[PDB]
Structures are given as C-alpha cells and as structure tokens.
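9 is the number of the first residue of the sequence shown in the working numbering; add one for each residue after it.
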Amino acid sequence: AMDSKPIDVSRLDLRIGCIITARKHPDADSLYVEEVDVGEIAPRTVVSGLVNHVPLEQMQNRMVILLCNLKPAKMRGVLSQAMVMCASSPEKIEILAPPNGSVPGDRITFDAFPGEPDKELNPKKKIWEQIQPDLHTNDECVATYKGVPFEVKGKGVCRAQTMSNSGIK
C-alpha cells in the first residue's frame, strides 16, 4: 500500500510580508525585481513573473500576503526569495491584502484546515501549484480555497476589491 493522499491546502501556509521597493530586473524584460523585508542586515531581492499584470510601481513598498513556509524557485536565472499572492484574470490583476491590520506577523490559518510543514515546503514538492487551481474569489470576491475561508484565525478575512470568479495565485 501507499499513502497517496490527494492535494489539500492545510499542507501549506501564508503570512503578511513587506515589500521595500521594486525596480527593473537583470534577466529578461518579462520579469521585475522587487525587495522583501526580512530579519537580515539588508532586504532580499525577489523575482515575479509578470509582463502585463499589476505593475511593480503599484506594488512598490506594499504589504500583502506572501509565502510563509512555501519555497520559491528560479525564474529565468534569478532565484526569488518570496512570492506575492494575487488574483489573476484576463481583464485585470489585483494583489490580495486583508481589509485592515496587515501586520507583518499575521498568518492566514483556520481550524478548518489544520496542518504544518515537516522541514520546509521544498519547491520540488510542487505543493503550492498543486492546489492553486482550487483557489478562487467567490461572487463577493472573497478568496476561497478548497471551499474553506481565507482569514487570520478568527476575524480578518482577506478579500479582493473587484476580482470576482478569478483564480488566485
């Protein structure tokens, strides 16, 4: 026999991260450089795969949901250190932030999906993208995954502004 469990979101987690700034990327034009604030002597560069989506200019010095234990991978050549959670649709794209608070410590986790990573969620496990198609904004534009709420414990649900029926990634 084997475990063979299906994909589920309790196998991952997300936290509020702070962007310091954004500028042009060294590798191809289809990427943009951005810097995330962490417990280091200096911020760390990240690389986002966006060519005709929310501009880096709108994400400059922003605070949004980013990967807590999920691991990033290389893009073109640069290796990102984090990734910004946003809602995507062909009409527009918007980063998802909670309507208030946005403190760099809050992590979206609810008793509806209990789970933790073993060592770290290595990028080779492809966990994030495994369940990614199952995360969409409802009619009320609330990001919902696996039919469970997206919020920091009790209170503080993260919702989109105009992103309804859009896939979240």
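Ideal Cβ positions, reconstructed from N, Cα and C, are used throughout, including at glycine.
Of all C-beta pairs linking the stretch 16-29 to the stretch 125-141, three or more are shorter than 8 Å, placing the two stretches in contact.
In the assembly as shown, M10 is an exposed residue. Its beta-carbon has fewer than 16 other beta-carbons within 10 Å. Take the alpha-carbon of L39 and the one of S97: they are about 19 Å apart.
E42 is a Cβ neighbour of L64, given a cutoff of 8 Å. By the Cβ neighbour-count rule, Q89 is buried, with 16 or more other Cβ atoms within 10 Å of its own. Residues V17, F118, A120 and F121 of the same chain have their beta carbon placed closer than 8 Å to that of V156, with the five preceding and five following residues left out of the count.
Non-local C-beta neighbours of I135 in its own chain, meaning closer than 6 Å and more than five positions away in sequence, comprise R19, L20 and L129, ordered along the chain.
Taking 8 Å as the upper bound for CB-CB distance, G113 and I24 are in contact here, some 7 Å apart. For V55, the CB contacts under 7 Å within the same chain, skipping 5 residues up- and downstream, are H33, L39, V41, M83, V86 and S88 in chain order.
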